[PDB]
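Close look at the chain arrangement
What follows is the residue order along each chain.
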Amino acid sequence: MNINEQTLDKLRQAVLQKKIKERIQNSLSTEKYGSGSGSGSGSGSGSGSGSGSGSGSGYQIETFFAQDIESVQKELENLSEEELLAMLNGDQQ
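Residues numbered from 1 in each chain as written, not as in the entry; some residues may be left out. Heavy atoms only, no water.

Notes on the UniProt feature "coiled-coil region" (unreviewed entry) in the protein chain
Mapped onto the present numbering, the UniProt feature "coiled-coil region" (unreviewed entry) falls on residues 62-89. Between the first and last C-alpha atoms of residues 62-89 the distance is 26 Å; the span itself is 71% helix and 0% strand. (UniProt positions renumbered as here; feature names shortened; annotations may be inferred. Helix = DSSP H or I, 4+ residues; strand = E, 2+ residues; numbered from the N terminus.)

Considering the pattern of salt bridges
Scanning the model with the defined rule gives three salt bridges in all. The salt bridge involving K19 is made with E75; its shortest N-O contact spans 2.7 Å. With a gap of 56 residues between them, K19 in helix α1 (residues 8-26) and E75 in helix α2 (residues 66-76) connect regions that are remote in the sequence. Using a relative accessible area of 35% as the deciding quantity, one classes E75 as partly exposed. The shortest N-O distance in the salt bridge between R23 and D68 comes to 3.0 Å. Taken together, the positions of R23 in helix α1 and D68 in helix α2 put the pair 45 residues apart, joining distant regions of the chain. Taking the relative accessible area as the measure of exposure, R23 reaches 27% and is therefore partly exposed. Overall, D68 belongs to the partly exposed group, its relative accessible area being 46%. (Salt bridge = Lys/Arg side-chain N within 4 Å of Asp/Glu carboxyl O. Buried < 20%, exposed > 50% of the residue type's maximum accessible area, 1.4 Å probe, protein only.)

So, the packing of aromatic side chains
All chains considered together, the criterion is met by one aromatic pair. Note on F64 and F65: the rings are 5.3 Å apart at their centroids and 45° apart in plane angle, and the pair reads as tilted. Of the residues examined, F64 reaches a relative accessible area of 60% and is grouped as exposed. (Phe/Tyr/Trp six-rings, centres within 6.5 Å; stacked < 30°, edge-to-face > 60°.)

Concerning the nonpolar core
If you look at the biggest cluster of nonpolar residues, it comprises nine residues: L8, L11, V15, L16, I20, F65, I69, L76 and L84. Looking at this core, the elements that each hand over two or more residues are α1 and α2. Top element by residues in this core is α1. It accounts for five residues. Those residues within four positions of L84 in sequence are excluded, and the remaining contacts are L8, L11, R12, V15, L76 and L79. (Core = buried A, V, L, I, M, F, W, Y, C linked by side-chain atoms within 4.5 Å. Contact = heavy atoms within 4.5 Å.)

Below, the structure written as structure tokens:
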């Protein structure tokens, strides 16, 4: 009776939420090596205090993967409940 296609919207969003943790934590495809980068510095002049620190946690990172988000979510919004619901619920149906 009540809608099916509009209900998937709550499912796909529930599923994509784990995908954000998957892409950030795994950040791989086939456990490849890659190559990485390094850093440098400078001498400066004078004297004074020099330090820094940072912290924080929140919902999604809108300034890190927001453009990739629209792409990964595009895969789920066209999927069925049994496809999405099964991911979030972790049940094969």
